[PDB]
Amino acid sequence: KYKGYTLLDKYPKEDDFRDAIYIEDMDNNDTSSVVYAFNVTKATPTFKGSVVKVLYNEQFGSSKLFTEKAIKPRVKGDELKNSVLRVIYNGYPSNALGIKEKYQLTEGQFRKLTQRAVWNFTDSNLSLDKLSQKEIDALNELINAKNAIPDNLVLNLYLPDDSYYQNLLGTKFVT
């Protein structure tokens, strides 16, 4: 069992990115992991200080399951899975293409853009709202990249006990 939460004060006001999301094992707050949401019409996980702890179950992110769970994906199957894997490989914090440094982004801005790039595929939603031109440039690079991804990178899905809340995803390497 995991809890998922937003860390509303993680980034400064100028990054316009409060909904930085993490998951944590309920049996251990020694470690937390960065994750990204999908199904944006649902509610974000509650803030870390909330008296409401939003619980999640992890599941292997197969193409079939991912597509089934996405409410309005832009593409389906392997293409949806691989498109998202690549965004994460190229986004915060993997940064495989050096996009962060190229556009002189802060950590918060880069993570925000990675989230927006995920939504482009999972939710058919490319939001440019409140972005600077360099952020728009970075986001467009991120969503249009076609670099090869490592062959052993896989998707983890996190499904909330309560369907009111957003689904979450992360990646890992099979070693």
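Count residues from 1 along the sequence. Below, each value reflects all heavy atoms present in this structure, side chains not excepted, and no hydrogens, waters or symmetry copies.
Between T171 and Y89 the shortest side-chain heavy-atom distance does not fall below 4.5 Å. Within the 4.5 Å cutoff, no side-chain heavy atoms of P73 are placed close to those of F66. With contacts defined as side-chain heavy-atom distances shorter than 4.5 Å, the pair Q166/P45 qualifies. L126 is not listed as a side-chain neighbour of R116, based on a closest heavy-atom distance of 4.5 Å or more. Two residues are said to be in side-chain contact when any heavy atoms from C-beta on lie closer than 4.5 Å; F38 and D123 meet this criterion. Side-chain contact between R74 and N120: present, with at least one pair of heavy atoms (C-beta onward) separated by less than 4.5 Å. Put simply, the side chain of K172 does not reach to within 4.5 Å of the side chain of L155, judged on heavy atoms. Taking the side chain as every heavy atom from C-beta outward, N156 and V35 never approach each other to under 4.5 Å.
With ring centers used as reference points, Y2 lies under 6.0 Å from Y158. Side-chain rings of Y103 and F110 stay apart, their centers remaining 6.0 Å or farther from each other.
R111 forms a cation-pi arrangement with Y22, by the criterion of a distance under 6.0 Å to the ring centre and an angle within 45° of the ring axis.
Through side-chain heavy atoms spaced under 4.5 Å, either directly or across other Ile, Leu, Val, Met, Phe, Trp or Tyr residues, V40 is tied to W119.
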*Under the side-chain contact (heavy atoms from CB on, under 4.5 Å) criterion, do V154 and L85 qualify, and how do the steps go?*
CA-CA 7 Å; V154 302; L85 285 167; 5.6 Å; no
_Go through it in stages, so that I can follow the logic: the residues are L169 and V84, the test is side-chain contact (heavy atoms from CB on, under 4.5 Å), and I'd like the CA-CA distance, side-chain angles, deciding distance and then a yes or no._
CA-CA 10 Å; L169 63 74; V84 169; 3.9 Å; yes
_CA sep, side-chain torsions, deciding dist, call: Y36, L168, side-chain contact (heavy atoms from CB on, under 4.5 Å)_ = CA-CA 5 Å; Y36 294 99; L168 312 170; over 6 Å; no
*Passes side-chain contact (heavy atoms from CB on, under 4.5 Å), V87 versus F121? Steps please.*
CA-CA 10 Å; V87 160; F121 299 101; 3.7 Å; yes
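Smallest separation of non-hydrogen atoms from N144 and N140: ND2-O, 2.6 Å. Of all non-hydrogen atoms in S63 and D78, the two that sit nearest each other are OG-OD1, 2.7 Å. In this structure, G77 and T67 approach most closely via the heavy-atom pair N-OG1, 3.0 Å.
Ion pairing between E107 and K100 fails under the 4.0 Å rule for side-chain N and carboxylate O. A salt bridge links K112 to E135: at least one charged side-chain nitrogen sits closer than 4.0 Å to a carboxylate oxygen.
Residues passing the salt bridge (charged side-chain N to carboxylate O under 4.0 Å, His left out) test with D161 are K1, sequence neighbours excluded. Legend: residues meeting side chain to side chain donor-acceptor pair (under 3.5 Å) with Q133, ordered by chain and number and at least two apart, are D137. Applying the side chain to side chain donor-acceptor pair (under 3.5 Å) criterion to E79, with sequence neighbours excluded, gives no partner residue. In this structure, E14 has no side chain to side chain donor-acceptor pair (under 3.5 Å) partners at least two apart in sequence or on a different chain. Applying the side chain to side chain donor-acceptor pair (under 3.5 Å) test to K42 and every residue at least two apart in sequence or in another chain returns nothing.
Around CG of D9, the count of heavy atoms belonging to other residues, nucleotides or ligands within 6.0 Å does not exceed 12. Taking a 6.0 Å sphere around CD of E101, one finds it holds more than 12 heavy atoms contributed by other residues, nucleotides or ligands. Counting non-hydrogen atoms of other residues, nucleotides and ligands closer than 6.0 Å to CG of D151 gives a total of 12 or fewer. The environment of NZ in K72 is sparse: at most 12 heavy-atom neighbours from other residues, nucleotides or ligands sit within 6.0 Å.
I71 and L157 sit in two unconnected hydrophobic clusters of ILVMFWY residues. Membership requires side-chain heavy atoms under 4.5 Å apart, directly or through other members. Linking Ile, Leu, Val, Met, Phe, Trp and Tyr residues whenever their side-chain heavy atoms come within less than 4.5 Å places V52 and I21 in a single cluster.
The closest donor-acceptor contact from the side chain of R86 to the backbone of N147 lies under 3.5 Å. Panel note: side chain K10, backbone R18; no donor-acceptor pair is recorded below 3.5 Å. Not one N or O on the side chain of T6 forms a donor-acceptor pair closer than 3.5 Å with the backbone of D19. A donor-acceptor pair under 3.5 Å is formed between the side chain of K53 and the backbone N or O of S50.
Side chain to side chain, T106 and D15 meet the donor-acceptor criterion of an N or O pair below 3.5 Å. A donor-acceptor pair shorter than 3.5 Å cannot be found between the side chains of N90 and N95.
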